[PDB]
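Below is one structure, written out as structure tokens, with a few remarks after it.
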Amino acid sequence: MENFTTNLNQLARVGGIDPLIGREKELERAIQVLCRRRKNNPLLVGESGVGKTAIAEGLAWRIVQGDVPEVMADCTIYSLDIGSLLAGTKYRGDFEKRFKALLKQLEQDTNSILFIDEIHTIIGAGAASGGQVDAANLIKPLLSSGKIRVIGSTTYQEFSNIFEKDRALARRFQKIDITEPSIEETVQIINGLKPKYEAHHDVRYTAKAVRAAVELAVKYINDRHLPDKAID
Amino acid sequence: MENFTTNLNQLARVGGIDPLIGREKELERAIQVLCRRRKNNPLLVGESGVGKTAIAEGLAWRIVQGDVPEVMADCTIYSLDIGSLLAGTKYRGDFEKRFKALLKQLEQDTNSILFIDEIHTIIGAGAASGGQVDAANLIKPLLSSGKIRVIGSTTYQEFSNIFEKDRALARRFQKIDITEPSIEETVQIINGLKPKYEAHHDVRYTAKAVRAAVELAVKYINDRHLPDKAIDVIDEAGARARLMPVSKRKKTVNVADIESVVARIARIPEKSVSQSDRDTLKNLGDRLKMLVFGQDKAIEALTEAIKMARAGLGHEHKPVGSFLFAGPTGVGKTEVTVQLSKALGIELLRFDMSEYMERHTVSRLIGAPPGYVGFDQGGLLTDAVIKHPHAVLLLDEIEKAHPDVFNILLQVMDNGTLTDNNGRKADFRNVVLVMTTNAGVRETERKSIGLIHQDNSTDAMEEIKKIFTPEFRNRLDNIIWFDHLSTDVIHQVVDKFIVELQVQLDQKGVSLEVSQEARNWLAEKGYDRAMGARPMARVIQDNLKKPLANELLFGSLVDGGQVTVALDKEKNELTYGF
Amino acid sequence: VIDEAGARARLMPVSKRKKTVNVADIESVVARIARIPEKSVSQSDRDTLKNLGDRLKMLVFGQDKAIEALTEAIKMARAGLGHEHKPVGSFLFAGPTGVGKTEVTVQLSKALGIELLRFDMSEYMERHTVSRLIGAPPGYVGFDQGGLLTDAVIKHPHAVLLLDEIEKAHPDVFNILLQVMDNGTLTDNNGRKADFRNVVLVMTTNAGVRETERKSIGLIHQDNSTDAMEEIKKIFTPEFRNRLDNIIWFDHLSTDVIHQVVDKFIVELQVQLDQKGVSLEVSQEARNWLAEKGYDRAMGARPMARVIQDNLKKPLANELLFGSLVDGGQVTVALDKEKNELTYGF
Ligand SMILES: Nc1ncnc2c1ncn2[C@@H]1O[C@@H](COP(=O)(O)OP(=O)(O)OP(O)(O)=S)[C@H](O)[C@H]1O
Ligand SMILES: Nc1ncnc2c1ncn2[C@@H]1O[C@@H](COP(=O)(O)OP(=O)(O)OP(O)(O)=S)[C@H](O)[C@H]1O
Ligand SMILES: Nc1ncnc2c1ncn2[C@@H]1O[C@@H](COP(=O)(O)OP(=O)(O)OP(O)(O)=S)[C@H](O)[C@H]1O
Ligand SMILES: Nc1ncnc2c1ncn2[C@H]1O[C@@H](COP(=O)(O)OP(=O)(O)OP(O)(O)=S)[C@H](O)[C@H]1O
């Protein structure tokens, strides 16, 4: 994992990620899933611009900031790349060897969670000739056995067409809906995120300006979800 | 085999394998297959989550416990990991150097059995710019010769799309069908497994909690199969309860906790009424009566259906209710539905039936058949109902859709389901279905010919009956015929519209007041029985909004104050201010 | 078959008993391999079949003839006197609305302990939807999805297959059934064959409903059940009709039946209330009143449910939601004579 994943606690420690505001029920539902005896693997599913990663990274942030329970504290969440994981896997046997090594390192850690962001892609990495022997087929038994813990994430147009079809794989994840926040909730996250926009652009925002941005975006912009339409 | 397989007897000895409960027949057949002269290789095939894996490991467990016919005694079952088997095979001959070594050890032992989970994946090992000579080709000669024994495992889909394509390999396995267990069987499986969960979570489950988990999961979770769906309810309730002692809420897992967990998993409420949501329901009718004037029976029908569903005295498997609203234009048919979804805090799914004008447009709602261009789109209706399972579904002007599009609703209203083009089922048991129409109106608005006037009041129903087939009508909860608005209502409507104007003005920072006579005048001026409230909006726009727009745009009202509208008597003209 | 029978016999003297292999052992083995019903003349199934007709008569009231047609087909086939290559039986049910046509089939699969496969024919309007049932040809996008019908009949070879409102599918869809009803098979897009020899096929229809509920012009009214037969004949081609085992015309419900139907619905209500901790008792007079208030010969039984919903369920919903009947209700319903109104409360 040394050259495949990112330690998200390390990013939280250096300010590499934005803070999470609210979403308490989204952070309480995921924690319970991770505590299960078997198949303790939450999957976050939602519409684009709902705030699914704000939840996934927000958890690594809270661990670093100490705002977790007595079961999450002192735990590491690693973010996995697929590109570097497969890059260079020429010669049959290299992909399986590399992947199994990653899985073993996680299995022997026992105190870490792997995060896969584009969870609608680990359904192939095998030989071009087939059959199977890909990242899904090589992971299923550890998810099943409760040996590793992963967090997934996907859209409603990616989990209904490419994730709701592999029945054995889908059975091993617990689906959590992430829904769109309302206006008051959006205003609050803007206030929470605001200091970084203010710093970046050397400006400060009028409190009224923040409310106006949220309400006007709701009234006039039709193809996006809040509060992603307000942040822009 | 040293780093390729796991000795399952060893795992059973150290507690790595959960025990089997039941499945005597499924296991007995496997034993008979393994005792055949040739091709003595059972294959376990079924839906996922039914114990296919549990049975294969379960046998290793029974051998360890000595609970076998003594033909199986002293057999060792090894589990093969394909992932380690191929990991180092970089050079030509390495894959054949490992595969053959393992086979010789198994053949020489003769008591061992190899278990290959997810067997459809052993149809590739070589791929080195060649072909064939893979794991399947190298196994075939031992299986048909009776030298080795293996146990397979696969789901029906994988077995119908992949495994069976190689007929020579397929004829070397003996398929056994493992079916999902019954209610009683599931309860017993959980009762025998619960000590593992109680130990893991430091919880204790009550007897009723176990039964509730099984019966509720069957009723609300339609995605999975037993026992696995019931086991998840139990395990999550356990995991949840273990995070309560943190606030010192040490407890057992009761039925109430099971009910809360199922409600969360299925995204449907149940024991969330004990909350002062009761208050929301209690005065739901009043909030709606303050928005829609008159048409009170329509309001009651909707609130009565909702309360029954919440009380618990609902329909076993039907939408919350299904109503047809019919009547003259501009009287609030659409308005009552829209305000309901807001009052309840739930999504309104709107479909406009004049879009489903032609017969073939029905595929727009449910999706194209396989082999067609829009196949990957899905249906618009079945998708909407999956995204939001608790909702108000409004189909406007259902008297403009294809005379055949009604046949889709027919099955929804009675059974609660609709199947899309991929076989997924939308579940409508938690939605409110409202359809609106002008179907009976044209017929009552007639002038009769003769000396004695006739009563045309029954014609509205005579026309609806001729439009909606009996098999459709007979499954509606009701038909609510809406009335024309009275003049008393108009006064209430005028006040409503004036308030909306006052709000639009408050936003600009100016304030409007209208004397009572000015209001009475507007109300009388715009009344037209034939078109309900829509003309009142037009009269206000013409009399109050136009003057204001010019004062607001060409100074005067621009950043102004008090505008007072009053009626003179001489001309019946209105006054204005600042 | 020979080798498995051998292995089976080899595993007999583990119970001491030694065996040779007779025809009976061969028959047991083949039935297991093929996933079909063995000697049910000595199995508890013999009693299950013996009184199958009564379990169904206690759930669907009246329409005895439909129940009899279904149970004889099952016993006959199970007895060994079956068809060489046809479904267990192929029936078309027709009649006025609001009956148990769709209720006479669902209960059958429950009574027998077997899987009900349901398809809604109203979802097969367009003619190209046939591929939805049997699969896309090679070269097309859904090729790898399989078949909903062809696929369902394989996972469950012993089942009840119900095709609802078969009078709403595009007519070309019926030409698939012509193969199944006569030969017992259907080939999917991978060349695999469905095998319907252990499937009971029931189709239900509303052809002719509009006509049977029509009043004629004249002094004397007619029995229009004949018109429905005339309508069925125009929808289903002769080559289809001549392959059915039966067409069963369901009757209207009489008032004697309604009393039984009302009692049935009240029990369902009592069960829901017991779940809430509240028992319910209803006076016979109140019941007779509900039955008379709701009966309508023309709309079948569905209206009776509506009557119960307004007279008993609504009052209770308020007693349960804005009421102190939580975990304890014991309400009583009786009819007065003065207004014919019902009583309520603990
Ligand atoms: N409660 C919150 N607190 C802080 N940031 C939030 C919160 N909710 C959403 N955000 C998002 O913070 C930034 C990151 O959004 P994301 O979580 O990545 O959306 P997303 O759903 O993950 O995007 P996808 O998965 O690519 S569709 C965006 O500007 C906000 O939408
Ligand atoms: N008779 C039984 N006794 C005890 N546990 C059982 C029994 N049958 C099924 N299970 C459960 O089945 C386990 C889940 O995995 P399995 O269903 O055995 O594997 P599977 O059938 O091959 O499904 P996959 O791995 O998703 S394809 C649960 O942990 C077991 O409790
Ligand atoms: N009884 C009423 N009480 C208050 N406002 C009403 C009433 N009836 C009509 N309106 C007004 O008319 C609404 C326009 O939509 P609807 O009246 O609901 O249209 P409709 O009655 O459904 O008839 P259609 O669809 O035009 S034929 C305005 O939003 C309402 O303010
Ligand atoms: N004769 C009966 N005996 C007992 N229960 C019945 C009877 N008829 C109907 N039911 C019940 O079965 C429910 C489901 O509808 P069905 O009776 O099966 O009507 P149907 O056969 O489906 O024909 P349609 O679709 O209404 S035209 C009814 O709502 C109940 O009243």
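By convention in this document, the chains of the structure tokens carry letters A, B, ... by their order, each chain's residues are numbered from 1, and ligands are numbered from 1 in the order they are shown.
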
Where does DSSP see strand (DSSP E) in stretch 367-478 of chain B, if you list the residues as a PyMOL selection string? chain B and resi 391-396+417-419+425-427+431-437+478

As a quick test: using only C-alpha atoms and all ligand atoms, which residues lie no more than 7 Å away from ligand 1? Give them as a PyMOL selection string. chain A and resi 18-23+46-55+153-155+189+193+227-228+231

Store the residues picked out above, limited to C-alpha atoms, as a JSON list (two decimals), in the first residue's frame.
```json
[["chain", "number", "residue", "atom", "x", "y", "z"],
["A", 18, "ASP", "CA", -11.91, 20.51, 3.84],
["A", 19, "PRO", "CA", -13.94, 20.10, 7.14],
["A", 20, "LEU", "CA", -17.31, 18.34, 7.28],
["A", 21, "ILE", "CA", -20.25, 20.27, 8.65],
["A", 22, "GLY", "CA", -23.32, 18.43, 9.92],
["A", 23, "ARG", "CA", -24.29, 15.03, 8.46],
["A", 46, "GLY", "CA", -26.31, 9.30, -4.04],
["A", 47, "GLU", "CA", -26.92, 11.97, -6.68],
["A", 48, "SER", "CA", -24.05, 13.92, -8.01],
["A", 49, "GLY", "CA", -23.05, 16.88, -5.84],
["A", 50, "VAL", "CA", -24.82, 15.42, -2.74],
["A", 51, "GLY", "CA", -21.63, 15.40, -0.60],
["A", 52, "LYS", "CA", -20.54, 11.74, -0.52],
["A", 53, "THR", "CA", -16.87, 12.41, -0.12],
["A", 54, "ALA", "CA", -17.39, 15.10, 2.34],
["A", 55, "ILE", "CA", -18.62, 12.15, 4.42],
["A", 153, "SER", "CA", -18.87, 5.28, -2.99],
["A", 154, "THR", "CA", -20.96, 5.53, -6.15],
["A", 155, "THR", "CA", -23.66, 7.53, -8.01],
["A", 189, "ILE", "CA", -21.84, 24.43, 5.52],
["A", 193, "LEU", "CA", -16.18, 26.23, 4.36],
["A", 227, "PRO", "CA", -25.05, 22.84, -1.61],
["A", 228, "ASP", "CA", -22.67, 22.18, -4.58],
["A", 231, "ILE", "CA", -20.50, 26.72, -3.43]]
```

When DSSP works through the backbone of this structure, what residues of stretch 149-197 of chain A end up as helix (DSSP H, G or I), shown as a ChimeraX atom specification? /A:167-170,183-197

With N, CA and C atoms retained, could you export that selection as a compact mmCIF listing (two decimals), in the first residue's frame?
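Final file, result.txt:
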```
# COMPACT_ATOMS: atom_id res chain seq x y z
N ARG A 167 -24.46 -9.91 -8.07
CA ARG A 167 -25.22 -10.12 -6.87
C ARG A 167 -24.35 -10.50 -5.69
N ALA A 168 -23.33 -11.31 -5.91
CA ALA A 168 -22.52 -11.71 -4.78
C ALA A 168 -21.70 -10.53 -4.29
N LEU A 169 -21.31 -9.65 -5.19
CA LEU A 169 -20.51 -8.55 -4.69
C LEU A 169 -21.38 -7.57 -3.96
N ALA A 170 -22.54 -7.27 -4.52
CA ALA A 170 -23.43 -6.29 -3.95
C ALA A 170 -23.90 -6.71 -2.58
N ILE A 183 -31.81 24.32 2.41
CA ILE A 183 -31.23 25.65 2.38
C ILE A 183 -30.53 26.04 3.65
N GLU A 184 -31.13 25.81 4.80
CA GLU A 184 -30.49 26.21 6.03
C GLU A 184 -29.23 25.42 6.23
N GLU A 185 -29.30 24.15 5.90
CA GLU A 185 -28.17 23.29 6.06
C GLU A 185 -27.06 23.73 5.14
N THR A 186 -27.41 24.14 3.93
CA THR A 186 -26.40 24.61 3.00
C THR A 186 -25.75 25.86 3.52
N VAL A 187 -26.54 26.80 4.02
CA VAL A 187 -25.95 28.03 4.51
C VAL A 187 -24.95 27.70 5.58
N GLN A 188 -25.28 26.78 6.47
CA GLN A 188 -24.34 26.43 7.50
C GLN A 188 -23.07 25.82 6.96
N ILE A 189 -23.13 24.97 5.92
CA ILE A 189 -21.84 24.43 5.52
C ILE A 189 -21.06 25.53 4.83
N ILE A 190 -21.74 26.48 4.17
CA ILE A 190 -20.98 27.52 3.53
C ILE A 190 -20.26 28.27 4.61
N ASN A 191 -20.92 28.58 5.71
CA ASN A 191 -20.21 29.31 6.73
C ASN A 191 -18.99 28.53 7.22
N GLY A 192 -19.11 27.22 7.30
CA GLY A 192 -18.01 26.36 7.71
C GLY A 192 -16.87 26.27 6.69
N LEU A 193 -17.19 26.34 5.41
CA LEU A 193 -16.18 26.23 4.36
C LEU A 193 -15.59 27.58 3.99
N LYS A 194 -16.39 28.61 4.15
CA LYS A 194 -16.10 29.97 3.81
C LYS A 194 -14.69 30.43 4.11
N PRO A 195 -14.10 30.23 5.29
CA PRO A 195 -12.78 30.72 5.60
C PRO A 195 -11.73 30.33 4.57
N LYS A 196 -11.89 29.19 3.88
CA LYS A 196 -10.87 28.82 2.92
C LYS A 196 -11.04 29.54 1.60
N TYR A 197 -12.27 29.96 1.28
CA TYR A 197 -12.51 30.68 0.05
C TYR A 197 -12.07 32.08 0.31
```

If the limit is 8 Å from any atom of ligand 4, counting only C-alpha atoms and all ligand atoms, which residues qualify? Return them as JSON, numbers by chain. {"B": [414, 470, 471, 474, 475], "C": [59, 60, 61, 62, 63, 95, 96, 97, 98, 99, 100, 101, 102, 103, 104, 165, 204, 205, 206, 253, 257, 260, 261, 264, 300, 301, 302, 303, 304, 305]}

Which residues, written as a list in words, have at least one atom at most 10 Å from residue A:85, with only C-alpha atoms counted and residues fewer than 4 positions away on the same chain left out? residues 1, 3, 4, 5, 80, 81, 89, 95, 98, 99, 102 and 125 of chain A

Please write the residues from the selection above to a file, keeping N, CA and C atoms, as a PDB file, in the first residue's frame.
```pdb
ATOM      1  N   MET A   1       0.859  -1.160   0.000  1.00  0.00           N
ATOM      2  CA  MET A   1       0.000   0.000   0.000  1.00  0.00           C
ATOM      3  C   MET A   1       0.893   1.206   0.000  1.00  0.00           C
ATOM      4  N   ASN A   3       2.879   2.448  -2.060  1.00  0.00           N
ATOM      5  CA  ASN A   3       2.872   3.254  -3.249  1.00  0.00           C
ATOM      6  C   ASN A   3       1.545   3.172  -3.981  1.00  0.00           C
ATOM      7  N   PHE A   4       0.496   2.735  -3.284  1.00  0.00           N
ATOM      8  CA  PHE A   4      -0.808   2.618  -3.919  1.00  0.00           C
ATOM      9  C   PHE A   4      -1.869   3.452  -3.242  1.00  0.00           C
ATOM     10  N   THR A   5      -1.722   3.677  -1.939  1.00  0.00           N
ATOM     11  CA  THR A   5      -2.760   4.354  -1.212  1.00  0.00           C
ATOM     12  C   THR A   5      -2.270   5.602  -0.515  1.00  0.00           C
ATOM     13  N   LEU A  80      -7.463   4.452  -1.835  1.00  0.00           N
ATOM     14  CA  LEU A  80      -6.792   3.674  -2.870  1.00  0.00           C
ATOM     15  C   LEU A  80      -6.886   4.115  -4.305  1.00  0.00           C
ATOM     16  N   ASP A  81      -5.749   4.187  -4.987  1.00  0.00           N
ATOM     17  CA  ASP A  81      -5.779   4.403  -6.415  1.00  0.00           C
ATOM     18  C   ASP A  81      -5.867   3.103  -7.169  1.00  0.00           C
ATOM     19  N   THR A  89       1.404  -3.462 -14.704  1.00  0.00           N
ATOM     20  CA  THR A  89       1.190  -4.894 -14.496  1.00  0.00           C
ATOM     21  C   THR A  89       1.229  -5.674 -15.785  1.00  0.00           C
ATOM     22  N   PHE A  95      -0.451  -8.632 -11.710  1.00  0.00           N
ATOM     23  CA  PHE A  95      -1.663  -7.981 -11.144  1.00  0.00           C
ATOM     24  C   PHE A  95      -2.105  -8.701  -9.863  1.00  0.00           C
ATOM     25  N   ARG A  98       0.486  -8.290  -6.948  1.00  0.00           N
ATOM     26  CA  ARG A  98       0.448  -6.968  -6.392  1.00  0.00           C
ATOM     27  C   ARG A  98      -0.789  -6.741  -5.565  1.00  0.00           C
ATOM     28  N   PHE A  99      -1.916  -7.212  -6.071  1.00  0.00           N
ATOM     29  CA  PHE A  99      -3.172  -7.026  -5.400  1.00  0.00           C
ATOM     30  C   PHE A  99      -3.215  -7.850  -4.140  1.00  0.00           C
ATOM     31  N   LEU A 102      -1.264  -6.145  -1.424  1.00  0.00           N
ATOM     32  CA  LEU A 102      -2.040  -5.095  -0.790  1.00  0.00           C
ATOM     33  C   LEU A 102      -3.038  -5.653   0.186  1.00  0.00           C
ATOM     34  N   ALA A 125      -9.902  -6.138 -13.822  1.00  0.00           N
ATOM     35  CA  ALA A 125      -8.497  -5.832 -13.693  1.00  0.00           C
ATOM     36  C   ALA A 125      -7.762  -7.084 -14.056  1.00  0.00           C
TER      37      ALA A 125
END
```

So which residues are near ligand 2, meaning at most 9 Å away with only C-alpha atoms and all ligand atoms counted, given back as a ChimeraX atom specification? /A:38,140-141,144-145,167-172 /B:18-24,44-58,117-118,153-155,178,180-181,185-186,188-190,192-193,225-228,231

If you count only C-alpha atoms, which residues fall within 10 Å of residue C:92, apart from same-chain ones fewer than 2 positions away, as a short mmCIF file (atom, residue, chain, number, x, y, z; two decimals) with C-alpha atoms, in the first residue's frame?
```cif
data_model
loop_
_atom_site.label_atom_id
_atom_site.label_comp_id
_atom_site.auth_asym_id
_atom_site.auth_seq_id
_atom_site.Cartn_x
_atom_site.Cartn_y
_atom_site.Cartn_z
CA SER C 90 -53.43 -25.00 -18.95
CA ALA C 94 -62.60 -15.50 -17.12
CA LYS C 101 -59.59 -15.41 -10.31
CA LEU C 163 -50.00 -14.63 -16.36
CA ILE C 166 -53.31 -11.96 -20.72
CA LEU C 201 -50.23 -22.60 -16.22
CA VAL C 202 -53.00 -20.22 -15.34
CA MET C 203 -53.94 -17.25 -17.39
CA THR C 204 -56.55 -14.83 -16.33
CA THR C 205 -58.59 -12.49 -18.45
CA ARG C 241 -58.08 -21.98 -27.86
CA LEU C 244 -56.40 -25.17 -23.52
CA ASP C 245 -57.59 -27.72 -21.03
CA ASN C 246 -60.35 -25.52 -19.95
CA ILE C 247 -61.94 -22.14 -19.94
CA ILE C 248 -63.62 -21.49 -16.69
CA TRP C 249 -66.23 -18.85 -16.42
#
```

Using only C-alpha atoms and all ligand atoms, determine which residues fall within 8 Å of ligand 3, then list them as number ranges by chain. B: 291-295, 327-336, 396-397, 436-438, 485, 489, 492-493, 496-497, 532-534, 537

Would you put the residues from that selection into a file with N, CA and C atoms, as a JSON list (two decimals), in the first residue's frame?
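Below is the file that was written, out22.json:
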```
[["chain", "number", "residue", "atom", "x", "y", "z"],
["B", 291, "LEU", "N", -55.19, 26.46, 3.04],
["B", 291, "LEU", "CA", -54.59, 26.73, 1.75],
["B", 291, "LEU", "C", -55.57, 26.52, 0.62],
["B", 292, "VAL", "N", -56.44, 25.54, 0.76],
["B", 292, "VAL", "CA", -57.43, 25.27, -0.25],
["B", 292, "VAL", "C", -58.78, 25.47, 0.35],
["B", 293, "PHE", "N", -59.55, 26.36, -0.22],
["B", 293, "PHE", "CA", -60.81, 26.68, 0.38],
["B", 293, "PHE", "C", -61.90, 25.87, -0.24],
["B", 294, "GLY", "N", -62.77, 25.35, 0.59],
["B", 294, "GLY", "CA", -63.83, 24.52, 0.08],
["B", 294, "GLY", "C", -63.16, 23.22, -0.26],
["B", 295, "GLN", "N", -63.83, 22.38, -1.01],
["B", 295, "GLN", "CA", -63.27, 21.09, -1.39],
["B", 295, "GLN", "C", -62.77, 20.35, -0.14],
["B", 327, "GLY", "N", -63.24, 17.17, -11.79],
["B", 327, "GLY", "CA", -64.12, 18.32, -11.61],
["B", 327, "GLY", "C", -63.75, 19.46, -12.55],
["B", 328, "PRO", "N", -64.44, 20.60, -12.48],
["B", 328, "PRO", "CA", -64.31, 21.78, -13.33],
["B", 328, "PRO", "C", -62.98, 22.41, -13.12],
["B", 329, "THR", "N", -62.51, 23.16, -14.10],
["B", 329, "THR", "CA", -61.20, 23.81, -14.04],
["B", 329, "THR", "C", -61.01, 24.90, -13.03],
["B", 330, "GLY", "N", -59.80, 25.00, -12.50],
["B", 330, "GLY", "CA", -59.43, 26.10, -11.61],
["B", 330, "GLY", "C", -60.02, 26.00, -10.23],
["B", 331, "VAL", "N", -60.22, 24.79, -9.74],
["B", 331, "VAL", "CA", -60.83, 24.63, -8.45],
["B", 331, "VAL", "C", -59.94, 23.97, -7.43],
["B", 332, "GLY", "N", -58.63, 23.82, -7.70],
["B", 332, "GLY", "CA", -57.72, 23.26, -6.73],
["B", 332, "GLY", "C", -57.42, 21.77, -6.82],
["B", 333, "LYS", "N", -57.70, 21.10, -7.92],
["B", 333, "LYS", "CA", -57.38, 19.67, -7.95],
["B", 333, "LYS", "C", -55.87, 19.46, -7.79],
["B", 334, "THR", "N", -55.11, 20.18, -8.60],
["B", 334, "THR", "CA", -53.67, 20.10, -8.58],
["B", 334, "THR", "C", -53.15, 20.65, -7.27],
["B", 335, "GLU", "N", -53.75, 21.76, -6.83],
["B", 335, "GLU", "CA", -53.37, 22.49, -5.59],
["B", 335, "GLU", "C", -53.46, 21.58, -4.35],
["B", 336, "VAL", "N", -54.51, 20.76, -4.22],
["B", 336, "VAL", "CA", -54.60, 19.97, -3.02],
["B", 336, "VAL", "C", -53.44, 19.00, -2.99],
["B", 396, "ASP", "N", -50.87, 14.19, -13.71],
["B", 396, "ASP", "CA", -51.85, 15.19, -14.12],
["B", 396, "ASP", "C", -52.57, 14.86, -15.39],
["B", 397, "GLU", "N", -53.84, 15.19, -15.44],
["B", 397, "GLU", "CA", -54.61, 15.09, -16.67],
["B", 397, "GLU", "C", -54.53, 13.74, -17.30],
["B", 436, "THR", "N", -55.48, 13.25, -11.74],
["B", 436, "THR", "CA", -56.53, 14.28, -11.87],
["B", 436, "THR", "C", -57.16, 14.26, -13.24],
["B", 437, "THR", "N", -58.39, 14.78, -13.35],
["B", 437, "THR", "CA", -59.09, 14.80, -14.63],
["B", 437, "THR", "C", -60.23, 15.81, -14.80],
["B", 438, "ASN", "N", -60.51, 16.19, -16.05],
["B", 438, "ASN", "CA", -61.69, 17.01, -16.38],
["B", 438, "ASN", "C", -62.73, 16.20, -17.10],
["B", 485, "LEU", "N", -66.22, 26.94, -7.46],
["B", 485, "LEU", "CA", -66.02, 27.74, -6.28],
["B", 485, "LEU", "C", -67.18, 28.70, -6.13],
["B", 489, "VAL", "N", -65.97, 31.60, -1.18],
["B", 489, "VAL", "CA", -64.64, 31.16, -1.45],
["B", 489, "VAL", "C", -63.87, 32.22, -2.19],
["B", 492, "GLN", "N", -62.22, 34.45, 0.07],
["B", 492, "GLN", "CA", -61.04, 33.87, 0.70],
["B", 492, "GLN", "C", -59.86, 33.77, -0.27],
["B", 493, "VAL", "N", -60.14, 33.47, -1.53],
["B", 493, "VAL", "CA", -59.13, 33.36, -2.57],
["B", 493, "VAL", "C", -58.49, 34.70, -2.84],
["B", 496, "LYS", "N", -56.07, 35.44, -0.25],
["B", 496, "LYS", "CA", -54.88, 34.64, -0.43],
["B", 496, "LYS", "C", -53.95, 35.24, -1.46],
["B", 497, "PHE", "N", -54.49, 35.65, -2.59],
["B", 497, "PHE", "CA", -53.65, 36.21, -3.64],
["B", 497, "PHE", "C", -53.07, 37.54, -3.24],
["B", 532, "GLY", "N", -63.43, 29.11, -12.06],
["B", 532, "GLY", "CA", -62.83, 29.01, -10.75],
["B", 532, "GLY", "C", -62.02, 30.22, -10.34],
["B", 533, "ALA", "N", -60.84, 29.95, -9.83],
["B", 533, "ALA", "CA", -59.95, 30.98, -9.34],
["B", 533, "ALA", "C", -58.99, 31.57, -10.34],
["B", 534, "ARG", "N", -58.88, 31.02, -11.52],
["B", 534, "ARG", "CA", -57.83, 31.56, -12.35],
["B", 534, "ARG", "C", -58.05, 33.02, -12.72],
["B", 537, "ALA", "N", -56.71, 35.68, -10.25],
["B", 537, "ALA", "CA", -55.32, 36.01, -10.32],
["B", 537, "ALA", "C", -55.13, 37.06, -11.39]]
```
